[PDB]
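Trainee: There's a structure below that I have some questions on.
Every residue, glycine as well, gets a Cβ built from its backbone with ideal geometry; the counts of neighbours run over all protein chains shown. What is reported rests on the model, the rules as stated and the sources as named; no laboratory read-out is quoted.
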Amino acid sequence: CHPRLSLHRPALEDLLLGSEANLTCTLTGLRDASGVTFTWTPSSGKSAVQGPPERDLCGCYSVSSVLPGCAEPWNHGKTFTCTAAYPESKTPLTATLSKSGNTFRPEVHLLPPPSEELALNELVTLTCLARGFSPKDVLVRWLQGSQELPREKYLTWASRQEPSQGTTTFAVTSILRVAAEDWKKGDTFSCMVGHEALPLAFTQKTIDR
Amino acid sequence: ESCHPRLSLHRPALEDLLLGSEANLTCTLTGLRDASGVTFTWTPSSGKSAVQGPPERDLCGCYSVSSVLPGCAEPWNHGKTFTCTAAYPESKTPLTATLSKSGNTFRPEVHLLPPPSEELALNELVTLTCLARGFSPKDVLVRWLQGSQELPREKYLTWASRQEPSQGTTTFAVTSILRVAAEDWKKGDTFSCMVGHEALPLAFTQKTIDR
Amino acid sequence: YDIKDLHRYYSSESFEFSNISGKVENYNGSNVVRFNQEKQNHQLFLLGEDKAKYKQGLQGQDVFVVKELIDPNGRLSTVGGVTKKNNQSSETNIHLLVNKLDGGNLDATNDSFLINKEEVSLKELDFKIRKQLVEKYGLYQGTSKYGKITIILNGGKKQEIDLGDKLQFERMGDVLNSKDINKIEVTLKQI
Amino acid sequence: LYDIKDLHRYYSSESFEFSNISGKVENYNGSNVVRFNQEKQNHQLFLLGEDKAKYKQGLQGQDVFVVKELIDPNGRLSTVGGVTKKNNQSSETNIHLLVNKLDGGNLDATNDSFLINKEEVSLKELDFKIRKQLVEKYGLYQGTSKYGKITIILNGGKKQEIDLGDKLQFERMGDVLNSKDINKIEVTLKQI
Ligand SMILES: *[C@@H]1O[C@H](CO)[C@@H](O[C@@H]2O[C@H](CO)[C@@H](O)[C@H](O)[C@H]2NC(C)=O)[C@H](O)[C@H]1NC(C)=O
Ligand SMILES: *[C@@H]1O[C@H](CO)[C@@H](O[C@@H]2O[C@H](CO)[C@@H](O)[C@H](O)[C@H]2NC(C)=O)[C@H](O)[C@H]1NC(C)=O
Ligand SMILES: [Ca+2]
């Protein structure tokens with residue numbers, strides 16, 4: 001066992017597709033049970049929680065605190081402070097994070113299928129590459145013309161950091177295998193990347209025959 | 001809960017197998033704790049004995065010992081099967097692990113892809129994408145070349161070997177990204193994406209591109 | 001901005017809603033008004049003059065939507081295009097001269113352009129003119145891409161839209177008013 | 001259709017004819033190879049098929065016609081098949097090489113010849129050498145000349161055909177012929 005505090009930025013999915021974009025501060029490693037002082041600072045809906053989750057993923061549970069409403073304060077970029085007070089030891093625990101600065105947008109690219117696949121004329125592969133964006137965090141989705149294809153139907157790698165002797169940037173690729181017909185048929189496909197640094201938070205690159 | 005034990009036997013590093021001389025097999029544990037003398041027993045006990053390691057401890061406690069079987073590289077490629085059994089003072093009942101070189105494989109479908117129709121109309125750095133798809137186990141190697149020159153690991157990005165979405169046979173795919181100088185790309189030279197896999201006839205494959 | 005994407009875009013259907021109202025949320029850090037109209041929800045981004053001009057959301061204005069794209073949540077995002085209410089106090093047909101320049105020759109084609117309201121959105125003004133430049137002058141098609149829409153106001157001053165790439169969102173908020181427009185000239189420099 | 005550039009690169013790259021090569025066969029990723037040094041280069045000769053049992057105990061000192069497949073991160077030049085007896089001296093003999101271009105509804109054909117250095121040659125050496133000629137003197141694998149079929153004549157005793165559609169099958173680069181048993185060679189380019 002061993003208690004540690006932790007702060008988590010609001011998920012991009014939520015930041016770009018949810019209403020109640022809430023933030024989470026969480027204390028783990030407690031042997032105790034509760035009675036923990038979860039006091040932040042930006043009082044604009046402040047309403048922690050606990051519901052003691054034995055799911056400390058370890059032989060000794062813990063609890064957490066939420067700050068609903070803070071969907072906008074986050075985009076502005078204020079330094080949130082979640083001070084945690086628990087039994088065991090005195091001097092409480094305090095971790096605090098804010099928005100990330102020094103950001104760049106994704107340079108999306110929708111690559112056509114490999115000549116060789118058009119030959120085997122079976123299933124052509126559409127590759128999507130987003131690169132050069134900062135906040136590692138990014139979303140990627142697909143469309144057949146105007147209809148978003150289910151995630152269950154494509155593969156998206158993990159946003160990794162690229163090689164550069166300076167501006168720290170990340171890159172993400174994704175593969176969508178489509179029916180040979182449909183590609184030659186004519187209907188288009190699109191790659192839709194989401195991001196904080198984008199203007200409308202989403203770019204959409206489209207390619208066809 | 002807490003530290004529930006898990007024994008796992010690992011295959012030799014594809015890398016070692018293809019480019020190395022001594023390839024080993026690792027048999028380790030997870031939940032188990034305590035006992036620094038509690039050893040495991042391997043099957044092909046051809047003299048070469050295992051080599052336990054530094055207890056090492058996962059967070060939240062739960063220690064984890066490993067046992068590497070040296071040069072067991074010939075037998076691997078030779079189709080033999082290994083068996084690792086660990087005994088601890090946790091359960092009077094031991095754990096057994098068994099592994100052998102995969103049958104029913106699939107050669108990587110390697111595709112070298114040209115720079116974005118736009119990335120070049122900025123004459124800065126063009127982006128070369130390599131995609132290996134539909135292959136046997138998920139163990140693959142990806143390398144980059146400028147003609148006959150192998151560029152360094154630091155000079156590129158290859159993502160993990162993920163599993164391809166499928167309804168039938170199970171295959172994986174991996175992607176790599178080499179950013180080159182538009183200047184070089186433009187002056188006509190070439191680039192290669194060499195891949196490593198155990199299903200590929202010659203162990204490797206090279207797919208080459210250029211304008 | 002590669003031909004196919006410009007033809008694509010400058011071809012899409014544009015809507016001209018009326019008497020719209022909204023609050024404004026800080027989506028991804030930018031002020032945007034949301035509103036449903038023809039069974040389709042929109043998400044108007046206020047990124048230019050309109051950002052301050054409409055710092056209090058929308059309460060009765062008209063809006064020119066043009067699909068930048070549709071959020072994976074089903075919300076068509078459009079940029080600017082907001083013009084005051086009680087604005088249909090006139091029509092207006094202004095002179096539109098189009099000049100397709102090729103082998104160094106001319107090919108002038110004095111045409112005409114219509115303005116739906118009194119106060120205009122550089123967005124609408126630009127969007128339509130290009131739509132009309134494609135449908136009748138093969139723009140962003142084959143090879144006609146570069147150009148330069150020029151709007152000429154009474155007095156003398158004149159505004160310019162480069163055809164090279166979509167109008168900047170920064171200026172979709174901009175508003176002109178019919179009456180101060182003498183003539184419009186284009187130059188489909190098909191290089 | 002597309003691998004046109006690839007086929008070219010290969011069937012026109014620099015070949016190599018070595019001799020008195022000795023090497024203990026080793027195991028590699030489940031294959032039967034023989035590594036060996038020759039002229040600043042390190043080779044890795046893979047043995048697949050007819051040649052894998054013939055040389056169960058490596059290469060005593062035969063002759064090897066090496067063709068570079070690629071060069072792994074370790075500098076080894078992966079090559080396949082192409083070994084010959086050893087008691088291989090020399091038989092510079094010229095075989096008749098008929099090349100029939102079929103472009104259009106026409107057949108603008110021509111008569112040529114084919115040289116052979118060894119007494120015992122390898123289908124590997126034939127296929128390579130031949131196509132190279134078909135490449136240099138008939139622009140094979142260029143523009144649209146990709147498909148066709150090389151037909152060898154085993155002195156009124158058989159007929160060995162090598163499709164030009166793609167590379168020779170590794171399986172085949174282990175078969176050998178007797179330079180003498182050849183009568184004539186007929187190529188049939190199929191420019192579509
Ligand atoms: C964002 O945070 C809110 C609040 O912490 C979550 O919404 C709660 O959902 C439960 C569901 O039963 C309701 O009972 C509460 O009233 C909601 N809270 C409030 C005050 O809105 C919401 O789930 C979080 N969003 C996610 C899923 O990330
Ligand atoms: C067993 O194989 C592993 C995998 O190749 C070896 O671990 C590597 O050791 C090198 C240094 O010698 C490191 O650079 C790699 O990062 C290691 N890889 C791993 C496993 O993380 C290991 O040395 C081998 N041990 C024996 C007994 O041969
Ligand atoms: Ca163009």
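Trainee: Looking only at the stretch B:172-208, which residues are buried (at least 16 other Cβ atoms within 10 Å of the Cβ), more than 10 Å from chain A (Cβ to nearest Cβ) and in a strand (DSSP E or B)?
Mentor: Hits for the stretch B:172-208 are B:180, B:191, B:192, B:193, B:194, B:195, B:196, B:202, B:204, B:205, B:206, B:208.
Trainee: Still on this structure, I have one more. Looking at the stretch C:151-178 only, could you name the residues that are farther than 25 Å from residue C:68 by Cβ and either surrounded by 13 or more Cβ atoms within 10 Å (Cβ to Cβ) or touching a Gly at 6+ places or on another chain (Cβ under 6 Å) (or both)?
Mentor: C:152, C:153, C:158, C:177, C:178
Trainee: Any residue at all in the stretch D:125-146 that's surrounded by 14 or more Cβ atoms within 10 Å (Cβ to Cβ), in a strand (DSSP E or B), touching a residue at least 12 places away in the same chain (Cβ under 8 Å) and of a type in the set (A, V, I, L, M, F, W, C)?
Mentor: Looking through the stretch D:125-146, none of the residues is surrounded by 14 or more Cβ atoms within 10 Å (Cβ to Cβ), in a strand (DSSP E or B), touching a residue at least 12 places away in the same chain (Cβ under 8 Å) and of a type in the set (A, V, I, L, M, F, W, C).
Trainee: Is the stretch D:86-108 home to any residue that is within 16 Å of the chain's Cα centre (by Cα) and either closer than 21 Å to residue D:51 by Cβ or outside the structural domain of residue D:181 (by CATH) (or both)?
Mentor: No, every residue in the stretch D:86-108 fails to be within 16 Å of the chain's Cα centre (by Cα) and either closer than 21 Å to residue D:51 by Cβ or outside the structural domain of residue D:181 (by CATH) (or both).
Trainee: Step by step: first the residues of the stretch A:60-72, then only those that are farther than 23 Å from residue A:34 by Cα and surrounded by fewer than 20 Cβ atoms within 10 Å (Cβ to Cβ), then the one that is nearest to ligand 1 (Cβ to nearest atom). Which residue is that?
Mentor: A:69
Trainee: If you don't mind, another one. Scan the stretch A:15-45 residue by residue and report those that are crowded, with 16+ Cβ neighbours inside 10 Å, within 14 Å of another protein chain (Cβ to nearest Cβ) and within 13 Å of ligand 1 (Cβ to nearest atom).
Mentor: Hits for the stretch A:15-45 are A:15, A:16, A:17, A:21.
Trainee: Cβ-Cβ below 6 Å, separation at least six or inter-chain, first residue in the stretch C:37-54 and farther than 11 Å from residue C:81 by Cβ, second outside any helix (DSSP H, G or I) and not basic (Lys, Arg): which pairs?
Mentor: Matching pairs, first to second residue: C:37/C:17; C:40/C:76; C:43/C:32; C:43/C:77; C:49/C:173; C:51/C:31; C:54/C:46.
Trainee: Just the residues that are more than 11 Å from chain A (Cβ to nearest Cβ) and buried (at least 16 other Cβ atoms within 10 Å of the Cβ), please, taken from the stretch B:147-168.
Mentor: B:150
Trainee: Scan the stretch B:100-109 for residues that are assigned to a loop (DSSP other than H, G, I, E, B) and away from chain A (no Cβ under 14 Å) and jot them down.
Mentor: B:101, B:102, B:103, B:104, B:105, B:106
Trainee: How many residues does the stretch B:1-31 contain that are more than 9 Å from ligand 2 (Cβ to nearest atom) and in a helix (DSSP H, G or I)?
Mentor: Looking only at that region, the number is 4.
Trainee: Filter the stretch C:44-90 for residues that are of a type in the set (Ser, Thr, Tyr) and surrounded by 21 or more Cβ atoms within 10 Å (Cβ to Cβ); which is farthest from the other protein chains (Cβ to nearest Cβ)?
Mentor: So the residue we want is C:83.
Trainee: Here are C:10, C:27, C:54: which of them is more than 16 Å from ligand 2 (Cβ to nearest atom) and within 16 Å of the chain's Cα centre (by Cα)?
Mentor: Result: C:10 is the single residue among C:10, C:27, C:54 that is more than 16 Å from ligand 2 (Cβ to nearest atom) and within 16 Å of the chain's Cα centre (by Cα).
For every residue, the table says whether it meets (1) in contact with a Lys or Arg (Cβ under 7 Å, 6 or more places away or on another chain); (2) surrounded by fewer than 20 Cβ atoms within 10 Å (Cβ to Cβ); (3) outside the structural domain of residue B:211 (by CATH); (4) assigned to a strand (DSSP E or B).
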| site | (1), (2), (3), (4) |
| --- | --- |
| B:92 | no, yes, yes, no |
| B:98 | no, yes, yes, yes |
| B:111 | yes, no, no, yes |
| B:116 | no, no, no, no |
| B:127 | yes, no, no, yes |
| B:132 | no, no, no, yes |
| B:143 | no, no, no, yes |
| B:170 | no, yes, no, no |
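Trainee: Assuming residue C:2 fulfils every condition listed in (1) in a loop (DSSP other than H, G, I, E, B); (2) within 16 Å of ligand 3 (Cβ to nearest atom); (3) buried (at least 19 other Cβ atoms within 10 Å of the Cβ) apart from one, which condition is it?
Mentor: Here residue C:2 meets the rest and fails (3).
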